[PDB]
Each structure stands twice: as structure tokens, then as C-alpha cells.
Amino acid sequence: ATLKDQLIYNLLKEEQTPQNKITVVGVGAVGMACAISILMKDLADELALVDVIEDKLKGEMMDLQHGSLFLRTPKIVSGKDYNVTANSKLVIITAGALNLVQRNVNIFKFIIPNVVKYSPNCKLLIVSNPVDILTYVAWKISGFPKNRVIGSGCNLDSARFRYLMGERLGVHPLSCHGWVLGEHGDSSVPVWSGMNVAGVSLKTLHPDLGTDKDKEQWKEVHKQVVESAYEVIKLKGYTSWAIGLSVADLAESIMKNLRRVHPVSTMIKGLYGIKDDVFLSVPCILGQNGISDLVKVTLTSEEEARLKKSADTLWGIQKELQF
Amino acid sequence: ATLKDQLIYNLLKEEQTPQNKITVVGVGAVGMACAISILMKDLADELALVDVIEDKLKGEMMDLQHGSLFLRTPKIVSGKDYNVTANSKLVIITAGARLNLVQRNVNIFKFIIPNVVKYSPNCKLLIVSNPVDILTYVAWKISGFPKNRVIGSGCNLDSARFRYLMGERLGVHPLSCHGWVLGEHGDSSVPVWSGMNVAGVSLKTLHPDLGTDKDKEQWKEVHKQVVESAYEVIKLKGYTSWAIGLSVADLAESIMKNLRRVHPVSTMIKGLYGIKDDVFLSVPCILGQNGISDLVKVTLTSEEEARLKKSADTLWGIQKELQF
Amino acid sequence: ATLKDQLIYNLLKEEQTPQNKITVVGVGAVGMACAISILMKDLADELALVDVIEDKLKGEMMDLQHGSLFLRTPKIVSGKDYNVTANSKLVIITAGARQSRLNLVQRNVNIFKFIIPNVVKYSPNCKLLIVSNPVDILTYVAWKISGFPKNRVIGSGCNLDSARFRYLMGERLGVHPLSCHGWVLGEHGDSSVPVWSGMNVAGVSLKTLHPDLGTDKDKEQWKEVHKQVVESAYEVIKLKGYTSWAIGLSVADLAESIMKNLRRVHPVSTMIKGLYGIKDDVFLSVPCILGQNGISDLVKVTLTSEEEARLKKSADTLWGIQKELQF
Amino acid sequence: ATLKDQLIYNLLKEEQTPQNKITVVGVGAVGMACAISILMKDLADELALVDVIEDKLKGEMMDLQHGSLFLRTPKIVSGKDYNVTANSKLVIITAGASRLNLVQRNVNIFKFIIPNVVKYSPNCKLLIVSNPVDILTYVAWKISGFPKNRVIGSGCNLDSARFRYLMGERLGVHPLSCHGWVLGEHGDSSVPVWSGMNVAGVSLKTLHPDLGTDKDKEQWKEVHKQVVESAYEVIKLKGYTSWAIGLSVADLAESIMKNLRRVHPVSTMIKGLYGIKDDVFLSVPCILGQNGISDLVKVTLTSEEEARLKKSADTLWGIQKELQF
Ligand SMILES: NC(=O)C1=CN([C@@H]2O[C@H](COP(=O)(O)OP(=O)(O)OC[C@H]3O[C@@H](n4cnc5c(N)ncnc54)[C@H](O)[C@@H]3O)[C@@H](O)[C@H]2O)C=CC1
Ligand SMILES: NC(=O)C1=CN([C@@H]2O[C@H](COP(=O)(O)OP(=O)(O)OC[C@H]3O[C@@H](n4cnc5c(N)ncnc54)[C@H](O)[C@@H]3O)[C@@H](O)[C@H]2O)C=CC1
Ligand SMILES: NC(=O)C1=CN([C@@H]2O[C@H](COP(=O)(O)OP(=O)(O)OC[C@H]3O[C@@H](n4cnc5c(N)ncnc54)[C@H](O)[C@@H]3O)[C@@H](O)[C@H]2O)C=CC1
Ligand SMILES: NC(=O)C1=CN([C@@H]2O[C@H](COP(=O)(O)OP(=O)(O)OC[C@H]3O[C@@H](n4cnc5c(N)ncnc54)[C@H](O)[C@@H]3O)[C@@H](O)[C@H]2O)C=CC1
Ligand SMILES: O=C1O[C@@](c2ccccc2)(c2ccccc2O)CC(O)=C1Sc1ccccc1Cl
Ligand SMILES: O=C1O[C@@](c2ccccc2)(c2ccccc2O)CC(O)=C1Sc1ccccc1Cl
Ligand SMILES: O=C1O[C@@](c2ccccc2)(c2ccccc2O)CC(O)=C1Sc1ccccc1Cl
């Protein structure tokens, strides 16, 4: 008899289908930061990693596996084949390369049907850029209802904003509230009316808030949200830690059915004079069914016009794509 | 009056110093894995990063800072000057290259260590840079620290890997699979078969051939896999980072929280196993707010003692020729 | 339009089911400690509480709900009716007034006759974790009444005993209890068995270093450590009336392994028929692998002649009580 | 050679001061709920309990200690003597007993407790939970001689938490994402600041201008009324409140011990605000960190809201001027 059988008496061998499984597709800097953040937050009982570069993928899996003693996620698997992803509650897409969008669309033509085949009832969380467009692409390819296709969107943009606000005020970002909505990245919209500490509106105290003529230049806090991201790419070549942590925050709400509100990208047709199938960030209630509800933010005329212009721009791109 | 003043009435401006500061030196793959793991474990009120590559350092600092909303570490700083590391409780050294390998990290350490001791004379030093056992001795020699405050990550990771592999073979979580890999980090590490157990049941007693060539289940290969899988991971992804980062954060937890948990880390073993030279090797150590306060005297077979002694002679052979 | 509808646009109203639901039956000191520990470890997406005292039950429910801001368990419910417990992954029984032993058995069997079928009705596929005393007898009872397979009926058993043991060992050694290993097995409480051969720090056997360990000839009286496990328990009851915090922490650790499918090894009470010459349907603590199917495997500990005699004696007594129980 | 000496070689005996020590004074339901929550949040490296009931104190201590395997707080101590509390960063006071006697009786308790705490932990922060919390925070401040930054009253921290729970139930949103502030005097006279109530920075009052008035169709005023009715109801049903206060207190402790500078509604000396010029303590949003309350947020209040706080300050000072120290 084996040492195992001498030591251990087995009551049953039967294995359940995974109960709280997460898949991350793409094991680059973003994918792996999402993975480590998810693992240290105990969100999943099974983590699957998928990529096309097989050696890298295997090496990343093993490195995580070698840390198992320090974790509470007992099964970590990987493969090029999407059979390793079967029965995921949440599938996080971080893989990626008008040229660039279409190149990512082509990636998504392979990835998305494979995800759907093995986890037809999963929530999809899209991180790959440009995120708002590619969330739309994942929605179209998957055939999923809009509640189950979520884009990382402006979650990171808002986190950066709150970090910068906190620095200026001498307050932890958790107590510094403020929302950056619309299109992720360059064209995002800081909603000055919602910016507050303890329910005290900064805009009400300081009407120049968010205007060019502001003596304290509070507009620069949003400009530095965009300038931050370029600076990080310049200095280190890529962003990973902040995005990883932000994605894990979204995963927590979904896997634990928290119904917290996050600025994420959702299908926004029917609001703000937007009449096309575009995804943009608004505050959304996140839970076990993905996005169940959204907050209807009262926007100024200028805020509305910025969202509409993004919508037109995104749609101008999307209508040209071949699936 | 600014908006800040309009919003916030200041009671006092009495500026403070951190109570639980940790410094990571070197922001490569290992350093940043240590940092993120330490950050997600809430071990520090201030994290300081140091490196010689200025753009990389600034950019990694910023990247962590940008995830502040999701953390409970209110200040992350970085700098080339070791004034940013002042009054660190714990300083983790992960800088250096991944006979020549040793002398070059020694040269790095001649710059780093005096600078650390200058600004944080009461810190615990935790050495990760390879070869970790040698560089722990080097840090101890240069710092002048008492041996309790100079700790090498040593075989904490090797033992973690062993327990992972043991667990896969037995179908038990690594937490519940007990087994110690001691001595030199890397090729010459020693699996202590006599200590291997689940629920206090000795596997060697149940399976006398455990760890010998006669073993039909080839358990000896589990230790071989521990030695190898590091090479395997370097071949596949170019480096190791996550496992070491997790293991360093586990050590940091015991130090920062004064837990007095036992970990296999590299310490001065002169006086044990017939070893007379000032060499660092891994034995199980009690880790707390004063670093290594105590060590466990593992009872080793003659073969096991001979193996540690051989390592001590080898390491000393390299160390006697190093120039400080 | 209402304020809610002005503020919030609903995408869908599909009402789904909880994914990681835990029920605690009996909201006394033990049950509520279990509850707070489980809440603070983020093990559940829904917590249900059941008791027969309706006001106490509601107040406890409300008091936990009021701390929701500080937790990540979005739904806490309670009621006398078992419909609140539907679709639980794990149901923890801490019901029955605290404590002769046979009369304790008698009254807690009667309670179980009502509780267990209602639990099974609403959560046929749950794992049952029995804490109520005498825990070994009541684990048998839950298994008999429920009809569940052996893997899904777990008794808290010697989990607390072993934790107390490890605390005391750590105090004598100046080492954290996590790094002090040792197993108290067999019957929970007065008749538990400390397995001297397994006691170790860093794989170093204390018994090998110190052959008199656990014997009357031991000059350092290490046998008092196990005796103090027993004495500790009586002393806490004398001092504050009951045990709550330690048992609650110990139960949350078991829940952790089960909910997260960890396959960690814990000393818990399981059907031991087939080991140690025991041929009756008795539950006693051995080391068990715990995960999402409950107890999937158990460790076969080598016991001394004496240690084995004590388990065998316990098994004989327990079966003596159990064979006369009427179902 | 003992077994310990055979197993373990000692490098140094030099034990240090505990670095992250918390004391809880009073081991009733509140105190112990604070204790367990602090332990499960890994905020301290040493916890000390004090009470005047000696058997209960030892038993609670031992019961916590027996859970040590599942915690990361390596030293739990207790005693009637305040020497067990030495070098605490933070001392939480939950000890406490017509109803104007009640105040003087808790003052009498504080006359004994506070000087002992100060003697052994001169640099601590004081966190007062005992009721009536606003008066008793003033009392602790007065007896201790501490700067105002180091005497913190639990105040409306629990009130606000209940409010956010209730708001969250009404909207179907997690309380974390439901923002709203209950300020002023803890308990029956607290003030809900309707102007600040929001989800995602979207003011409820702007959407629904009648919010919190008697003309309000939906009577959101009920949420605040329910905040007070809830606390009476919990007492009526289980005899005391424990779990929610324990959790809210651990949250305050987390900000202080980790120097987070988060903003919490806690009781601080509000002299010089809202037309108040007496030495009284009322809840406003405060920044909490390693030196306690360093800063407060100047909430824009309506005249009605300022008037309510003024009346509270007047009533509180009325009682305080009659107290015997
Ligand atoms: N929405 C946000 O806020 C953030 C978005 N992103 C995006 O994340 C994406 C990736 O970022 P990095 O990790 O830095 O890139 P990376 O280039 O380092 O890694 C990308 C990975 O995608 C994999 N991949 C490519 N084709 C694939 C396929 N057909 N199936 C599976 N995997 C495939 C690659 O092999 C590679 O491992 C980019 O689109 C980037 O813009 C990055 C940061 C922030
Ligand atoms: N003890 C263990 O179990 C493990 C040990 N290690 C070791 O960790 C070390 C680093 O590994 P990686 O992070 O992968 O290397 P890396 O090349 O990615 O990063 C090393 C960093 O050290 C910095 N550095 C060099 N000289 C410096 C100086 N004088 N002052 C400050 N910073 C300086 C470099 O600029 C670089 O950023 C290597 O020695 C490697 O062997 C790696 C993994 C596991
Ligand atoms: N196995 C172990 O290591 C430990 C076991 N235990 C046991 O846990 C049990 C509970 O202890 P305490 O909380 O201190 O008792 P308790 O008297 O404080 O609470 C018991 C609760 O059960 C409720 N209850 C009674 N009948 C019920 C029914 N038919 N259905 C639902 N609930 C019912 C009571 O109303 C009460 O709320 C006891 O049996 C005690 O011995 C306690 C400590 C350690
Ligand atoms: N600010 C808030 O939101 C909350 C305020 N509180 C207050 O907490 C206090 C205690 O509440 P409970 O634990 O339920 O009452 P409790 O009566 O059960 O416990 C009070 C403890 O204080 C002890 N004590 C009395 N005098 C003492 C002294 N001189 N030194 C040390 N200990 C002493 C008692 O022995 C007792 O153990 C009360 O004032 C209560 O009103 C309670 C709930 C919420
Ligand atoms: O920070 C980011 O990094 C990337 C980026 C994209 C476009 C412009 C700047 C940066 C990037 C570029 C190259 C390689 C890796 C990367 O992650 C990708 C990306 O979406 C972000 S977030 C961001 C970007 C621009 C403005 C504001 C924000 Cl908050
Ligand atoms: O600590 C415990 O408390 C109780 C007990 C039972 C029998 C003998 C002593 C104590 C108890 C009695 C009355 C009221 C409430 C209680 O929890 C119940 C119980 O099982 C334990 S654990 C225990 C008991 C005896 C020896 C060793 C151990 Cl580890
Ligand atoms: O909830 C509480 O409980 C107590 C209370 C005091 C006065 C009126 C109701 C309750 C209480 C009474 C008796 C015994 C123990 C107790 O904890 C003490 C107390 O301050 C609270 S909190 C509270 C109280 C009243 C209104 C709004 C709030 Cl948020």
C-alpha cells in the first residue's frame, strides 16, 4: 500500500464543480497583478489562468502555486485550452496587443466564444484597452445580457482622482469622494458637483471648482489623473499594481454580492441623449448578477456634452468593426 | 484661506513619524512582489522604496500610490537617498544581480548596508538577495548589528515549496503538511525526513524508506523538485517573484506583529553541528519584534549534520576570500 | 416618481439565491460568538439565525445588521421558521441550554428531533456542524436523524481542546500556538486523549527529546498541560458562567476550511467505526481533512496501547448510551 | 537541561515595550464586543482588559486566550490593577453604571479610572464609549489634563452606521456606498444632515428638496427616527447592544492605530463653532490618526441645524457646570 493510503482513509473521492471560480485571461503585467490581488483577498476557491504564450503561462502558474502555503485559494490551474476555465463565476479579460482596436477585436473573436463555451453563465469583466469599445465587442460576441458584461472603465480613473484629492486635503482617499465618468482615459469626465468630504460639497464651497479660472487649479487634479498614467508608462513602461488592485475591488463586489457602487463601463443607450449602443462609465451597483442597477447622475450641460461626444467617437469606431 | 482651510479646521500641526515603517531596497521583480504582498497584508503605516534606477523607482512608487484607495498604508515614499528610509522597523534588501555573482552583490552591499544602518540603527535587516546565506553574513559583518537583527530569507521559500509538493502528493493543504528544508538556500539544502508529518504522524516511521534511493515512491525527488523548480520557473518566465514575495511578507508579519512563529531562515549557526566558522544557514528560528530571539535545535542524523557542515565549509571558503 | 427611482435605474429584478450561505441555530453565547467570528472572517454572503426565543433572536439579528457598514456580508436574516435557512452551505447547531450528562443527552436529543429534519428540508445538501453537547453523541444523533452521508455531519469535537492545548504549550515554550503542534483526540471534554508522540515544534518531537513526557515520572509534569486543558474549561465556567470566544473562533476556523474548500486537517468528530478495534456506530475526534464536501478523508494516527484503550473505552461508553436512544 | 532548554537556544532575553498596545476598560457586553472585534482585525500586539469584577475579568481574559491559535495578537493580559495597561497607545473606556445622579455616578467612576490610566499610559489616546458619551468625554478630558486631540468620544459613530444601514435597506445599496451624517449629541437629540446624504455624489436633497421635512411625501425623517427607535428596540429585545458598537469602535481604533486619517463622526470639543462658547463635546466629522483627532470638517449647516446643536451645547453645559470633580 502507498504511504498516502497508509496515512489517510478516504471517505469519498467525488469532486464538486468549482463553487467560487475566477478566470484571468492574459498573464501580462495587468493579468498577473489582478491575479495576485485576487489571491491575497481570498475571493476565489479556484483560479484559472489562460494565455497563448505557453511557457510564460506555466511559469506564472507555478510561481503562484509555490506560494500556496501563504494563500487560501487551494486550486490554481492554467492552460492555453479553455477547458481549464470551465464553470467560472467571473472571467477577467486582460489580453491585448483604428488599427489597434481591430487587432484587439481579432483577439476577442477567439477568446470570447471560448469563454462562453465553458462558462455560459459567467460575468465578464473587460480590462483590455480601449476598454469601453472592447466591452461593447465582448457584449456583441458573447450574446450575454448587458448586466453580465462589465468594463473596468473609470474605476481606476476615479481611484487615482481620490488619491490626488486625498493628497491635497490631507485625508485618506476612502473619505475623499469624487467620480470620474464617461470614457476611460484621456476623455474622462470629472463630476465636480459630487466631489465631497463628509457630505460637504467642494463645488458649493468653491464655485470656481473645475473651471480654468480657478485660483487653486483644482482642474489639474483631473488633468493629473490623465498625466499620471502617461508618466507611469514613461517611467516604468506599463501600469500594473493600481489596475490589479482596482480589478480585485470590482471582483470582491461581484463574488460577495455586495451591491456596492462602482464607476464601471456599462451599455448606456437611453441616457444623456445617447442613442447608440456604447459603453461608458456611470456609477453601477455590482453584485452576483453583475450590474443590476445604475445611478442616474445629474450632469451639467458641459458634462452631458462630453459624454455625448465620447459616445459619438466610440460609435464612429464601433460601426466600422468586422466581427 | 484655501478650500482646504474652508473645508477643514486644523486642531494641531504636530507632525509625526511612522510607527511601523518598512523599507524595500531594490524595486525589481522581487522587491515589488514583497511590496505588494506587504501592502495587502496591512503590515506597515509607511512604505519606503529605494533603488539606483531613478525612473523605475518613481514609476513603481506612483503605481502603488495610485492603488491607495484599496489599501491601508497611508504613505508610500521613494528615493535614491537613504533619508527616505529613516526609522524603519524592517528593511528588506532585494537589490542585486539575479564567484562573480557573489563579489558584485558584495560591492552593492558595501554601499547599501552602511546607508541603511546610518538612518535605521535599530531595524531588523531581512536579506533576500542571492546568494542569500552569504549576503546575510556580509550584511551582518558590514552593519555591526547583533545577529538577532540580521535575517536571511533562507529556506522559508524552499520549505514552502516542499510543503506545496507534499500537499499535492497527499491531497492535503500545505498548511497541514509539515516538513522542513534546512541549511543552504538552493542546491545543497537538506530535507529533514524525520520531521515530516501530517497531524503529528511521522511519515518516516510509517515509511522507513522515505528519503532513500530504495523508496519505491521516490520521495527524495520531492526535495529534488524543490531545488529544481526554481530553475524551472526561471526557464519558463525569466525570474521568480510571487512565491518569494509571499514568503517575505509572511516573515515580515511575524516580525512586525511580534508573533514568535517559527520559520526556517538564515542565521549564524556557528556553535551548532560542529560548525566553527562565521556562516549563516537556515534552521528554524523564532521571529518577533527583536528579529531572531531564539532558535530550535533540530535533532539531525549524522548524515544531516555532515551535510550542513559541508555547506558551512563551502560558504566559509567563499567568504574568507571576499574583500570588504 | 419615488426618490429611489429618480436616483436608481433598474436593469433587472431577477431574485437569485445565496452562494455561500451559513445558518447558525441557537443564538446563545456560543451561537452568537460563532456568528461574529464568521462575519468578521467574510466567510458568508448570507447569514441566517434561528432560535425558539423570538425577541432575543430579533434583537441579536438587528444588532449584527447595525454593524453592516463594517462587514462584507450583505444579508443577515432571522426567524423561528426554517424557511429563513434555505440553501445554506453550512448549518451550525449550537442550540440547547448549556449543562447530569444523560439528562443533557435526553433533552438535546429531543431538541434535535425537531431541528434536524427542518434543516434538511430547506438545505438538503448542506454540511451540518454540530457544536451542542455532548458533542460526540449529538453528532451521531444528527447523522442518524438527518440521513446524511458520513462526510457531511461534522462535530466540533476536539477542535477546541486541541486549541487550548496549543495555547498552553506555547505559553510554556514561548512560541506562538501556530508553531506548537499537538493533537488532543477521542472524546471531547473530560475524557480526551493527548497524543504525546505528535507533540512537536518544527518537526522536533518533544517525546523523543524527553522520553518521560506525559508519564508520571516526568519531572517537568508536562501531563499537567493536558490536565490544564480540562481544568481551564471548568475554570472559565466558574469565572464567567460559560465559554464563548474560544469556541466561536474555533468554529469559524472549521467553517473557513469548509467554505473555501481548503482541505486542511482538523481534530473534529467523525464516524470512527472500523478504527482502533471499534465496531460500533460512534463518533470521536481524529484528524480529518475538511473541505467543500465536509470530511472527505481522515488521518490514521498511530496510538500507543494506552491511548487506544482510552478511545476504545470512550467508544464503549458512547455506544452504551446511544444503543438505548429511541428515534 | 529542561525540555525547553533542550529544544530552544536563546539568543537574547531583552524583552521590549509593546509597540501597538490597546486597553479596554470594562468587560461588560460592550467592552468584550470591542475586544473581539479588535482582535479579529489584528490592530494590537497586546491587549489589556480591566474591570472591578475580578472573576468575570479573569474568565473573559482566559476565554480570549484560548482562541490564540486563531488570532494574531500574541499577548492578552488583564487585572484590577492598572499596571497591566502600561504603555497603551489607545485606551477604550466602556465602564459605567433619576438620571442626573447617573451622570455624577459615572463621573465618580471616571475619577478613579482616568488618573490610573494616565499614570500608566501618559501618551495614550482616550476613546470614550460610556454613556452619556458626550458628557463623559468632557469628564475624561477634564480629569486627564490631555489635549483635546487625545480625548475622543464614540459619539455619533454608531448613529451614523445605523443611519447608513437603514438608508441602504431603503435604496437596495450596500451601506458603504450610502453616505449620510448624523451629528451633534449622541442618542435622542442627534441631527441628520440631509444636505450631505448621497449615493455616488448625487445629493438626495437636490433631487428631492422636501427630503427630511414634514412635507416629504416619503417621510425620510423616519430613517432618523428609526435610528433612535432601533436602539430602544434592541434593548427591549435582547437587553443590551454589543455587536454593532464593538464593530464601530474597532473601526475607530483601526484609523488611530494605523494612522489612516479617515473621517469619522466622533465627539470632539466644538467650542468656537456654531455659536457655541462653552466647553462641550459634540459629534462632527473628524480626521482620526495616530495623534487622535488632528482636524475636523466644517459642515455647512442650515440655521435650524445650528440651532439644534446650540440647544444641545446649552443643555450639556447646564449639566456639566453642576458636576463635582
Ligand atoms: N482599463 C484599464 O484601466 C487598464 C487597461 N489596460 C490594458 O491591459 C491590456 C494588457 O496590459 P498588459 O498586461 O500591460 O499587456 P501585456 O502585453 O504585458 O500582456 C498581455 C497578454 O495578453 C496575452 N494575449 C495576447 N493575445 C492573446 C490571446 N488571443 N489569448 C490569450 N491571451 C492573449 C499576451 O500573450 C500577453 O501575455 C492592454 O490592453 C492594456 O491597455 C492596462 C492598464 C489599465
Ligand atoms: N532568497 C530567495 O529565495 C530569492 C532570491 N532572489 C534574488 O533577489 C535578487 C533580485 O532579484 P530580481 O528582483 O529578480 O532582480 P531585478 O534585476 O529585477 O531587480 C534588482 C534591482 O536591484 C536594483 N539595484 C541594483 N543595485 C542597487 C543598489 N546599489 N542600490 C539599490 N538598488 C539596486 C536594480 O536596479 C534592480 O532594480 C537577486 O539576487 C535574486 O537572485 C530572487 C528570488 C528568490
Ligand atoms: N463542543 C465544544 O467544544 C463546545 C460546546 N458547547 C455547547 O454549545 C451549546 C450552547 O452553549 P451556550 O450558547 O452557552 O448555551 P445558551 O443557553 O447560552 O444558548 C442556547 C440557545 O439555544 C437555544 N435553543 C434552545 N432550544 C432550541 C431549539 N429547539 N431550536 C433552536 N434553538 C434552541 C436557546 O434558546 C438559546 O438561545 C451547549 O450545548 C454547550 O455545551 C459550548 C462550548 C464548547
Ligand atoms: N456611545 C455608544 O454608542 C454606546 C454606549 N454604551 C455604554 O457602554 C457602557 C457599558 O455598556 P454595557 O457593557 O452594556 O454595560 P455593562 O453593565 O454590562 O458593563 C459595564 C462594565 O463596567 C464595569 N465597571 C463599572 N465600574 C467600573 C470601574 N470603576 N472600573 C472598571 N470597570 C467598571 C462593570 O463591572 C461592568 O462590567 C454603558 O455606559 C453604555 O451606556 C453602550 C452602547 C452604545
Ligand atoms: O495608466 C494606464 O496605462 C495605459 C495608458 C493608456 C493610454 C494613455 C496612458 C496610459 C498603458 C499604456 C501602455 C502600456 C500599458 C498601459 O497600461 C493603459 C491605461 O488605460 C491606463 S489608465 C489611464 C490612461 C490614460 C489616462 C488616464 C488613465 Cl486613468
Ligand atoms: O469549556 C467548555 O465549557 C463547557 C464544559 C463542559 C464540561 C466540563 C467543563 C466545561 C460548558 C459547561 C457549562 C456551561 C457552558 C459550557 O461551555 C462545555 C464544553 O464542552 C467546554 S470545552 C471542554 C470541556 C471540558 C474539558 C475540556 C474542554 Cl476543551
Ligand atoms: O443602542 C444603544 O443602547 C443604549 C441606549 C440608551 C438610550 C436609549 C436607547 C438605547 C443602552 C441602553 C441600556 C443598556 C445598554 C445600552 O447599550 C446606549 C446607547 O447609547 C445606544 S446607541 C443610541 C441610543 C439612542 C438613540 C440612538 C442611538 Cl444610535
Side-chain angles (χ1 to χ4, degrees), chain B residues 159 178-183 190-206 208 210-211 260-264 267 269 271-275 281-287 292-309, chain C residues 162 165-185 193-229 301-304 306-307, chain D residues 1-11:
Chain B
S159 298
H178 304 286
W180 293 78
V181 171
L182 304 183
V190 183
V192 191
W193 305 108
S194 61
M196 287 171 51
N197 77 89
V198 177
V201 185
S202 166
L203 305 182
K204 180 71 164 155
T205 296
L206 277 188
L210 188 74
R260 305 179 58 78
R261 289 192 296 156
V262 182
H263 303 258
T267 190
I269 49 67
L272 295 181
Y273 314 123
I275 294 157
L281 289 178
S282 278
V283 292
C285 295
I286 304 188
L287 285 190
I292 302 163
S293 64
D294 296 273
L295 60 91
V296 178
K297 287 179 285 168
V298 175
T299 59
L300 295 178
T301 70
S302 26
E303 188 180 308
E304 292 169 337
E305 287 192 358
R307 285 172 76 165
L308 259 49
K309 205 171 320 203
Chain C
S162 294
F165 191 84
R166 288 174 74 177
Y167 166 71
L168 292 171
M169 181 179 169
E171 281 293 325
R172 282 200 191 200
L173 295 180
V175 179
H176 197 279
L178 278 161
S179 299
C180 296
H181 306 276
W183 292 77
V184 177
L185 297 184
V193 181
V195 184
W196 302 108
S197 65
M199 287 168 38
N200 75 88
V201 173
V204 185
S205 164
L206 269 63
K207 186 71 167 180
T208 306
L209 274 178
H210 187 66
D212 293 341
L213 179 91
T215 77
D216 299 316
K217 303 230 179 290
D218 186 3
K219 301 306 178 73
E220 311 177 37
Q221 268 279 75
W222 280 85
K223 188 170 183 177
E224 283 297 296
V225 178
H226 176 259
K227 191 160 185 160
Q228 285 165 41
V229 168
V301 177
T302 306
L303 290 180
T304 60
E306 181 190 309
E307 290 160 356
Chain D
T2 51
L3 174 53
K4 181 184 173 173
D5 285 335
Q6 278 175 70
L7 180 69
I8 299 164
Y9 175 73
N10 182 254
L11 282 71

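The chains referred to below are lettered A, B, ... by the order of the sequence lines, with proteins before strands, and numbering in each begins at 1. Only this structure's heavy atoms are used, side chains among them; waters, hydrogens and symmetry mates stay out.
Summarising the geometry of C/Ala202 relative to C/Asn200, their closest heavy-atom pair is N-OD1, 3.9 Å, with the distance given to 0.1 Å. Taking both residues in full, the closest heavy atoms of B/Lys297 and D/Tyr9 are given as CE-N, 3.9 Å, listed atom of the first, atom of the second, then distance. Summarising the geometry of C/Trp222 relative to C/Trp196, their closest heavy-atom pair is O-CH2, 3.6 Å, with the distance given to 0.1 Å. Residues C/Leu173 and C/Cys180 share a closest heavy-atom pair of CD1-SG, 4.5 Å.
The NZ atom of C/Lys227 sits 14.0 Å away from the CG atom of C/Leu168 when rounded to the nearest 0.5 Å. For the atom pair CZ (B/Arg260) and OG (C/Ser179), the distance works out to 10.5 Å, reported to the nearest 0.5 Å. For the atom pair CG (B/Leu281) and CG (B/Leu272), the distance works out to 10.0 Å, reported to the nearest 0.5 Å. Of the inter-residue distances, the one linking C/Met199 atom CE with D/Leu3 atom CG reads 7.5 Å to the nearest 0.5 angstrom. Here CD1 of B/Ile269 is found 10.0 Å from CG of B/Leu295. Values are rounded to the nearest 0.5 Å. Atoms CG and OG, from C/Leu213 and C/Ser197 in turn, are 10.0 Å apart once rounded to the nearest 0.5 Å.
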**Request:** Just do the side-chain contact (heavy atoms from CB on, under 4.5 Å) check on D/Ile8 and C/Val175 with the steps written out, would you?
**Result:** CA-CA 10 Å; D/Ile8 299 164; C/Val175 179; 4.1 Å; yes
**Message:** If you apply the rule side-chain contact (heavy atoms from CB on, under 4.5 Å), what do you find for B/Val283 with B/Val296, and how did you get there?
**Reply:** CA-CA 7 Å; B/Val283 292; B/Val296 178; over 6 Å; no
**Request:** Show your working on side-chain contact (heavy atoms from CB on, under 4.5 Å) between B/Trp180 and B/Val262 and close with a plain yes or no.
**Result:** CA-CA 11 Å; B/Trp180 293 78; B/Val262 182; 3.9 Å; yes
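Of the possible polar contacts, none joining the C/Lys219 side chain to the D/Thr2 backbone as a donor-acceptor pair under 3.5 Å is found. Remark: side-chain polar atoms of B/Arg261 are not paired, donor with acceptor, to backbone N or O of C/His176 under 3.5 angstrom. Under a 3.5 Å cut-off, the side chain of C/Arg166 and the backbone N or O of C/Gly182 do not form any donor-acceptor pair.
Between C/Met169 and C/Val201 the shortest side-chain heavy-atom distance falls below 4.5 Å. Within the 4.5 Å cutoff, no side-chain heavy atoms of C/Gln228 are placed close to those of C/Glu171. Two residues are said to be in side-chain contact when any heavy atoms from C-beta on lie closer than 4.5 Å; C/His226 and C/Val184 meet this criterion. When side chains are defined from C-beta on, C/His210 counts as touching C/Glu220, because their heavy atoms get closer than 4.5 Å. In this structure the side chain of C/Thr215 reaches within 4.5 angstrom of the side chain of C/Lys207, judged on heavy atoms. When side chains are defined from C-beta on, B/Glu304 does not count as touching B/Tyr273, because their heavy atoms never get closer than 4.5 Å. Here the side chains of B/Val298 and B/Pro284 are in contact, with some heavy-atom distance below 4.5 Å. The shortest side-chain heavy-atom distance between B/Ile292 and B/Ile286 does not fall under the 4.5 Å cut-off.
Residue D/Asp5 places its CG atom among more than 12 non-hydrogen atoms of other residues, nucleotides or ligands, all under 6.0 Å distant.
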